[PDB]
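Okay, here we've got a single chain as structure tokens, the form deposited in one PDB entry, with questions on binding and movement later.
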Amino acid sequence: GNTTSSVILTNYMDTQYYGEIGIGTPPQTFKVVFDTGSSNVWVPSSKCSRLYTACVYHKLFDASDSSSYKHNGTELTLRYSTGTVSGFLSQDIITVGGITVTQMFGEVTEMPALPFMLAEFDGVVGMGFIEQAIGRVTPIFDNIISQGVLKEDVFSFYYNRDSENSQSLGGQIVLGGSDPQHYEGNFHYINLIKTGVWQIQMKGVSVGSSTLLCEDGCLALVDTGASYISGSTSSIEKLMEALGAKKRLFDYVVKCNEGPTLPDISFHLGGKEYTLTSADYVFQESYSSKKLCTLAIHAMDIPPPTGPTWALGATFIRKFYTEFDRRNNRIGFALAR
């Protein structure tokens, strides 16, 4: 086949990026995060009790309204480190761009307020591999590949910084290729450590010209579902000490005046420096010496086998257009625009 296919994302405040998918006949539409850190598709279910406020606020899939729905009912429990969701397996046709595919997905009936009452999206489309898929359900991109409609077995992500203009594209995922409007130059390719997770070795992370963390090597998950860049508690503590940043309940902060003069942070990837400046990684709500500004970075201890490991999320992806390549088990990075 010869399909490239694009899906427009809305950017909520530079921490959530989601697009629309349609499930069923006729399609019930859902806002979903496309998460290379996970491999299951789920949406909240019309069987989810209104005891879960997340099921009052979000859109719900009603199977009995879909003529292509096929019952399964097997339990599914997705125990993310942030919060477990539970429900049951269902099968139906899922539209993503112009691409239609019969997919097994979770109908979610338990959805905790932390974190789901903070979510502007309803559901998740896991773009990881079957090796991370709970209950061994074939992931949506695998079923898309089997169709043999795509140009290349690749998909790609553009995340934009949030802008005022109702005309601004929040972001874009391309299935089957990448979109040259959204990056400059050529891709630098980095081989996966292994098939099964979107993860690469990293040689180092430099604060200023000094490669002070990860000096003897570490892992990086390129994780389009992570809002911030994250590293292990021990790494992040050292990084933050290096910036002079203070830990609060939910973020790290610097006085907003001090932001622009913080040193660059560079991630040494496939033998190149991926550099974020303090313009890339500090939310500068202002430049007041009396105000504190959040860094788009925190500590998240990912448990083995995936961790310990950094996650290069939206903070990183905004600068670097990211191509996830299934045929060659590699990730390409180019400079976004």
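Heads up: residue numbers just count along the shown sequence, starting at 1. Definition used throughout: the rigid core is the maximal C-alpha set that superposes within 1.5 Å between two forms.
One more form of this protein exists, namely the form deposited in another entry; it is left out here, but the text below deals with it.
Once everything's superposed on the core, is residue 81 shifted 2 Å or more at the Cα between this form and the one not shown? Comparing the forms between this form and the one not shown, which are aligned on their rigid core, residue 81 does shift its C-alpha by 2 Å or more.
Honestly, after the rigid core fit, is residue 200 moving at least 2 Å at Cα between this form and the one not shown? Shift at residue 200: below 2 Å after core fit.
Checking residue 48 here: with the core superposed, does its CA move 2 Å or more between this form and the one not shown? The answer is yes, as the C-alpha of residue 48 shifts between this form and the one not shown by 2 Å or more after core alignment.
Might you say whether the CA atoms of residue 13 and residue 179 end up closer or farther apart in that other deposited form than in this form? Their distance differs by 3 Å or more. It is farther: in that other deposited form, the C-alpha atoms of residue 13 and residue 179 lie at least 3 Å more apart than they do here.
Closer or farther in that other deposited form: C-alpha pair residue 14, residue 157 (3 angstroms or more): Their C-alpha distance grows by at least 3 Å in that other deposited form.
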